[PDB]
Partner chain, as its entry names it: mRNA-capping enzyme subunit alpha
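First, one chain by itself: the form solved without its partner chain, in structure tokens.
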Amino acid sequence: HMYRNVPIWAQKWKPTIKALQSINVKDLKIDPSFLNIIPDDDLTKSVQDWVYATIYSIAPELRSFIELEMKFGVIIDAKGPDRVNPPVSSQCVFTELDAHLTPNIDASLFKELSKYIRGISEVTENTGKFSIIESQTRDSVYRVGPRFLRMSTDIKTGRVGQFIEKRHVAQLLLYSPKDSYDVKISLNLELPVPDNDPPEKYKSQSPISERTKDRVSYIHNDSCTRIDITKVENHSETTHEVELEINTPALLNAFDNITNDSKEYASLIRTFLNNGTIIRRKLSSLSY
């Protein structure tokens, strides 16, 4: 899995992702199971299998450009304008052809969640636990033939900080009927544009889409997660975006150690879902 890439429909080893063992946590008053293991719940094994399939798909030489992110919105299907409404009542992977999710929560919950995360970062108990970056960028997209190169300019210093071809490799919709928002898990590739310099061919022609991004990012290094809260202006339609990002280097690293020590990858994935749940449930609790 570390030196080769194999399309999902052709993959055959699924090295086993171990369940947590009844560890050293207060000799429990009750055994967790008759095997004394905690089985992963389905949805977590689903994520653990999808991420693994999808990284394995991609060429090794491309995996450092990976971005695994979770974003909130509402799932909408091909026929109706409203939130889907399958006959289920706890969060699941959602798989209907042409179901889609546009990253976008209500402004007031958006302001309310940002206050809450600030608040948590500002607790004296967590003064060394988050790192906050504020950042305001204009993202201009140039079509070439055709492929789209995303140029990111920041506003506070006209510097041209990021020039990529962003590719969406895969996505999983998690229909979350107990919550006011569903989530989209996206596996993207941020491909670095080569020598074709940002300034010399593009800072003279007309982008086909420009997006201003006002963001605060909370990075929680001990859970390898970064929360991004962003107002984006679609040059002008506005969206409120809430995204959790898992750290690519530690994800890469744990994915290369799957066969020898499955626990690292299985805990990273659990941790990412754990965070996205806090989020999701806090959004719903402000909705009431």
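Residue numbers count along the first chain shown, from 1. Superpose the two forms; the largest set of C-alphas matching within 1.5 Å is the rigid core.
This protein has a second form, the form solved in complex with its partner chain, left out of what is shown; the following refers to that one.
- Contact between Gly80 and its partner chain in the entry with it bound is not found at the 4.5 Å heavy atom cutoff.
- Of the heavy atoms in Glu61, some are within 4.5 Å of its partner chain in the entry with it bound.
- By the criterion of a heavy atom within 4.5 Å, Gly128 is counted among the residues contacting its partner chain in the entry with it bound.
- Only one of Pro192, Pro199, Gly158, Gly80 has its Cα shifted by 2 Å or more between the shown form and the other one after fitting on the core, and that residue is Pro199.
- Comparing the forms between the shown form and the other one, the C-alpha position of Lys18 differs by 2 angstroms or more, with the core used for superposition.
- Three angstroms is the minimum change: in the entry with it bound, the CA atoms of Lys18 and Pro60 sit farther apart than in this structure, by 3 Å or more.
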